[PDB]
Amino acid sequence: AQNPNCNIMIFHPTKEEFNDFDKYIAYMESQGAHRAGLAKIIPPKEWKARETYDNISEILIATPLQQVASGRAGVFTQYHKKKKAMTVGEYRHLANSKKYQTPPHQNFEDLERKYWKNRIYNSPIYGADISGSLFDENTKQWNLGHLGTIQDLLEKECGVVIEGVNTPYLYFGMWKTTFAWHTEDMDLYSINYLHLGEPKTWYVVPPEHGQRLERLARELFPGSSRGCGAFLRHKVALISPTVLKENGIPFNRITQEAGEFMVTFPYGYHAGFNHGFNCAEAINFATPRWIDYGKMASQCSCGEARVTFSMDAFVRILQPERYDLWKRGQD
Ligand SMILES: O=C(O)CNC(=O)C(=O)O
Ligand SMILES: [Mg+2]
Ligand code: NI
Ligand SMILES: [Zn+2]
């Protein structure tokens, strides 16, 4: 069995290998990459996402989110307070201001230490889940807005024909902006490209050990666990690496830099934070190996998780027994 320790693998495809997306995912899986839950892909040196970023300040962040924390430094939840709209220009200036800027630090390890120590005492502002793309239409390889759709995957594998569309989202981050422990909707894959700016640190639990994380989360957030049998779907809970190590939860960590892709694999729990002002683009996708994870994915039916239009058909086709209850949660 390849990669039995479930280490995060890093890949360096050639320009030739970068032509066929699906083929390269299948290659990474042949090497055991999926066992980690996350992989890094460094594009060939000849590739570019777009020519320049010179005009990105005119993008609108319609609903910036202030991420307010409650708990202790290593075990906390965050709620999103909606703020008034601002342009990317305005947001970048805010990120770089004395109140919000990255503190002086020696290296990534020191910054990680400062994050876990001090995150809860600040409320950074995140621009999330903004429909759009920053890939040039002429970028033909690994363009996140030109992937084959999840609907077409399910049609090809299973023969059914469903509504729904699948488009990318932009994320604008600053120091301490935080993504909580989660898997993807319907335990899909995700792919994330860091377009510009400062790094993003990721933590991941191997898919084969995801239920270990869920058990700890039930222990650490006991009121939340009574409210919902899949409350990590709410995307609000943080658990530090120190706490994970104390409770024997297997995980790995890696820092993504501008110009690099990360892939999350089905049922790979992940969490992380941004080092300073940055812009990422991400999208969900499917392969034939996903279908069995889609069929088994947990669902939030308490009403909190509320998700896209396109998830309806996935639940309806793959999880018909659950459909009625899940849709009462949506409606
Ligand atoms: O970049 C972020 O804030 C969050 N991204 C993801 O969880 C992802 O790409 O799967
Ligand atoms: Mg612009
Ligand atoms: Ni994700
Ligand atoms: Zn719920």
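Virtual Cβ from ideal backbone geometry, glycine too; neighbours counted across all protein chains shown. Where a number appears in this text, it was derived from the coordinates with a stated rule and is not lab data.
Within the stretch 15-107, which chymotrypsin sites (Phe, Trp or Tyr not before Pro) sit in a loop by DSSP and count at most 16 neighbouring Cβ atoms inside 10 Å?
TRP47, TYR53
Volume per residue, Å³, of the convex hull around the alpha-carbon atoms of the chain? Can you show the working numbers first?
On the way: hull volume 47.1 nm³, N = 331.
Taking the convex hull of the Cα positions in the chain, it is 142 Å³ per residue.
For the stretch 261-328, which trypsin sites (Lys or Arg not before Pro) pass both filters: DSSP loop (anything but H, G, I, E, B) and at most 16 other C-beta atoms within 10 Å? Intermediate values should be presented prior to the final figure.
On the way: sites: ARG289, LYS295, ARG306, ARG316, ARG322, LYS327, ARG328; in loops: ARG306.
Qualifying residues, ordered by number: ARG306.
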Check your understanding: Just for the Cα atoms in the stretch 30-183, what are the lengths along the principal axes, largest first, rounded to whole Å?
Key -> 51, 38, 36
Point to revise | Stokes-Einstein diffusion coefficient of the stretch 182-331, Kirkwood radius over Cα pairs, 37 °C, 0.692 mPa s, in µm²/s | key: 200 µm²/s
Check your understanding: Considering amide H positions built from the backbone, and no H for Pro or chain starts, which residues 5 or more places from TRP175, or on another chain, come under 5 Å of its amide H?
Key -> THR102, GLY276, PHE277
Practice item. Could you list the square roots of 5 times each eigenvalue of the Cα gyration tensor of the stretch 283-331, that is, the equivalent ellipsoid semi-axes, sorted largest first and rounded to whole Å? Key: 19, 12, 9
Review point. Which links in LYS83/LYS200; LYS40/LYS235; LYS84/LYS156; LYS82/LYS327; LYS81/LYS156 stretch past 31 Å when you go from one Cα to the other?
Key: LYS84/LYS156; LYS81/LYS156
Point to revise | C-alpha center-to-center spacing [the stretch 124-156, the stretch 35-84] in angstrom | key: 15 Å
Review point. If you line up the Cα atoms of the stretch 28-117 on their principal axes, what length do they span on each, largest first, in Å?
Key: 45, 40, 29
Review point. Counting alpha carbon pairs within less than 8 Å and at least 6 residues apart, what relative contact order, in whole percent, applies to the chain?
Key: 23 percent
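What GluC sites (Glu not before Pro) does the stretch 1-77 have in DSSP loop regions with at most 12 other beta carbons within 10 Å? Before the final figure, lay out each step's value.
Working: sites: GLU16, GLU17, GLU29, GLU46, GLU51, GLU58; in loops: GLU16, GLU17, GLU46, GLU51.
Passing sites in the stretch 1-77 are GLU16, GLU46, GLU51.
For the residues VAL161, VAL68, what sequence is obtained by ranking on other C-beta atoms within 10 Å, fewest first?
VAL161, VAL68
Quick check for me: using +1 on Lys/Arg Cβ and -1 on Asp/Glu Cβ, what's the dipole size of the chain about its Cα centre, in debye to the nearest 20? Could you put the intermediate results ahead of the total?
On the way: 38 positive and 37 negative charges, 315 e Å.
Once rounded to the nearest 20, the dipole reads 1520 debye.
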